[PDB]
Every structure is written in C-alpha cells, then in structure tokens.
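To begin, one chain is listed below as structure tokens, in the form deposited in one PDB entry.
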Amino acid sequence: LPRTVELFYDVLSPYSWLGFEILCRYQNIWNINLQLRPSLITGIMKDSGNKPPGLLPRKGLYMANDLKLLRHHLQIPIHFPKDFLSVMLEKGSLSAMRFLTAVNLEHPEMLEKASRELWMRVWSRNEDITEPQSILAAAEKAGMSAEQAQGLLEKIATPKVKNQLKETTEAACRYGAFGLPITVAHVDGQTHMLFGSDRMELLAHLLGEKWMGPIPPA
C-alpha cells in the first residue's frame, strides 16, 4: 500500500516551493500518496514562538546566496528579490492561501498547478500576490476559467474557507511545526515529521525508496 506523505506549505515560503517541486517530481516514482496542505507560516511562527530567519542580517544574507545556488542545482526558476522582507512581513500571503484553501475544497485536482503559479509570481517574477487581479491571473494561468477563478475568489472570506485554513495550520503545529515546509510521512503505523526541503534524501531512506537526486530521470 502507498505511504501517505503530507506536505504543509505557504506560498510565502521559498523553501516550501523547493520541497514541493522535489516531491512532485517523485510522486509518480515512489509508492506514495502526496497530500498538499495549504497553511499559514505566520500562524505556525506565532504558535511556536519562532520568528522569520531573515530578520537576522547574516541569516538573511545566507538565504539569498543559498537560494541562488539551489536555483541551478534544483532547476527551479527562483529569483529571490532584495526586498524579500517587505514582501514577507508587509504584504504577506493571506488571500493567496485562503484562495488555495478554496481550491483544495472544490477543485483539488487544480491545487498543484494553482500553487506553482502563485509561487512563480512572488518568487520567480517578483509579482504581487495580494491583490484580487493578481490571484485571478495566477488561477487563469493555472488553467482555470475566468468564471471558476472568480467563483473561488468570492469565497476566500467565507467562514468555511477561513476555518479550514486555520485547522490545517493547527494540524501542522500539532505535528510540532515551528516553520515550513514540513513533510509528514506515515510509514507502517509510524509518523515522522521532517523540516526543510533538504530532508528528502532522508525521506527516501525512511520509505525504503531510492534517492536519485533532486531531478530524477524520466
């Protein structure tokens, strides 16, 4: 039976995008059932008493250099902006994550593509992801029709959508999250929580699967 792997992420998290692309490349290679869980990193940080690593000068500088190298190693078009702290702390990703939650509730088959497009806007093209038109553009590029995207956008402020995002974020905390991304592997009645996009080789080991690098063949 395929092992269930849960990935908690926020589009505001560049490292979550990296982990997400690696798991998506392996979802049809490894015997796993990938379940995407849109969460709010702000909620996780507040609950754990943690703070964004970029607030400390040297860590912020390191992130920039690290992401620059990972762009080539992982072959993910990430272009980290110099004013990333403003993007993270001043703008945020509330509407975007509420939108992805609505997508997960009514059109889950579109969640992977819709998520990738939002990440592409904020961390690849340095485009806005807080305004309605911005989210609509991302949704349409993901394949949704103007009508579908519009219908979902109208529900981002409904109690059902808000409560679902809150619950998913709380589930991450219950697993012990202090940041994102976190991957939860359910292997033979055992649950393992791994933090970071750099624990995938360890995940392979736990699953008894073969690690073939961040870019597996075929």
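Shifts are known only where both forms have a C-alpha. Start at 1 and count along the sequence shown; that's the residue number. Superpose the two forms; the largest set of C-alphas matching within 1.5 Å is the rigid core.
For the pair 141 to 149 and 123 to 131, the mean B factor over Cα atoms is greater in 141 to 149. Higher mean CA B-factor, judged across 49 to 57 and 184 to 192 from the recorded values: 184 to 192. Residues shown: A64, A177, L70, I156. Highest C-alpha temperature factor in the entry: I156.
Among all modelled residues in its chain, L105 ranks in the highest third by Cα B-factor. In the PDB entry, a CA B factor belonging to the middle third of its chain's modelled residues is recorded for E201. Among the modelled residues of its chain, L136 has a C-alpha B-factor that falls in the highest third according to the deposited record.
Split the chain's modelled residues into thirds by C-alpha temperature factor. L40 is in the lowest one.
Sort the chain's modelled residues by C-alpha temperature factor and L12 lands in the lowest third, per the entry.
This next part talks about the form deposited in another entry, which is not shown.
When both forms sit on the same rigid core, the CA shifts between this form and the one not shown reach 2 angstroms or more only at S86 out of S145, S86, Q133, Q75.
The rigid-core alignment places the CA of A157 less than 2 Å apart between this form and the one not shown. Relative to this form, in that other deposited form the C-alpha atoms of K82 and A137 approach one another by 3 angstroms or more.
Regions where at least three consecutive shared residues each shift by 2 Å or more at the C-alpha between this form and the one not shown, after core superposition, span 51 to 56, 82 to 89.
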